[PDB]
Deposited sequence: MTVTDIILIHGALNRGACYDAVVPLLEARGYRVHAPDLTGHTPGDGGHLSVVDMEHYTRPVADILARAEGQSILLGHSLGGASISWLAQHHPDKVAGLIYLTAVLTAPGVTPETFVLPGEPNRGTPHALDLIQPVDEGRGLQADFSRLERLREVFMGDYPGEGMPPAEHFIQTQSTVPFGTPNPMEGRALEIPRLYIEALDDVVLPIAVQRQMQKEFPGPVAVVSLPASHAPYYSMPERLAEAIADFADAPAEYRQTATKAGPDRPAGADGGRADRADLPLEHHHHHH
């Protein structure tokens, strides 16, 4: 019944960041997609071209349109805002939701709740320190005056200096940060899995667990001993857990 798995990147990233995971899931008999969201393909217009979430998430809605059966949606970090939005508008196409140290907000809550300081167990101050606003808060861009800090904070999981340029973009749209989760009704029956990254310092495990705690209804959880990017440091263990979920998301 599940034919496709769609892996969705987070802020400042592109689908290619999943390159170590895609073939492993393909060996589990799945068709695997890792698309660029809107604004994430060099030459497409970049951050100011994103109008709203329907626009931002439209490359996935396209994939879900032509899938033979049901799909698993995975979001990394900010990518969770997209899979929640998509689940609500394509609940008939999504059989499961995977939040990989990802923004999991309750219906009506925007991601900024957990990024900005607050109580309890809210805040990603390492990211706000290193990622700065541009174009009057319509864009965010990394602080390139602190390259080693950027690497050790966000790309510490990369095997062997840094990931290749194909994995990243220069400027991110603030559109997903400010959009509330519209999941209601049918979408809240979709089985949900949170994969925690225990040593994440971008999104601390306390914040991760606080998000699970405040979402209404059950959230399954598996824990990985990784920092911000498990798709770089343990693709095998990560793809294994994704495929076991896809095999039977209702039971996992």
* **Sequence ranges absent from the coordinates, based on the deposited chain and numbered from 1** => 1, 162, 255 to 288
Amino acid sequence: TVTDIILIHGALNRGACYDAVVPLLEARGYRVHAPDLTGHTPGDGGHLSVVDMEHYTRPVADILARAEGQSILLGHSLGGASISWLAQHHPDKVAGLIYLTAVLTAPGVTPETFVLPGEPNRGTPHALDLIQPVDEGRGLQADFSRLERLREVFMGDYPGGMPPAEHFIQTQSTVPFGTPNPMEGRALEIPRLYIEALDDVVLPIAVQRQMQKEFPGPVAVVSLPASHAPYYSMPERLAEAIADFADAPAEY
From here on, numbers count along this sequence of modelled residues.
* 4 to 12 or 242 to 250, whichever carries the higher mean Cα B-factor -> 242 to 250
* 95 to 103 versus 161 to 169 - which carries the larger mean C-alpha B factor in the record -> 161 to 169
* Residue of maximum C-alpha B factor among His40, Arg209, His33, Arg66, per deposited coordinates -> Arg66
* If you check the C-alpha B-factor for each of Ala226, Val202, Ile195, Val51 in the entry, which is highest? -> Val51
* Place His90 in the lowest, middle or highest third of its chain's C-alpha B-factors, as listed in the PDB entry. => middle
* Asked: Lowest, middle or highest third of the chain for the C-alpha temperature factor of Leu147?
  -> lowest
* Within this chain's modelled residues, let me know which third the CA B factor of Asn181 belongs to: lowest, middle or highest. => highest
* Asked: Going by the entry, which third of its chain does the Cα temperature factor of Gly108 land in?
  -> middle
* Asked: If you rank the chain by CA B-factor, which third does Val134 end up in: lowest, middle or highest?
  -> highest
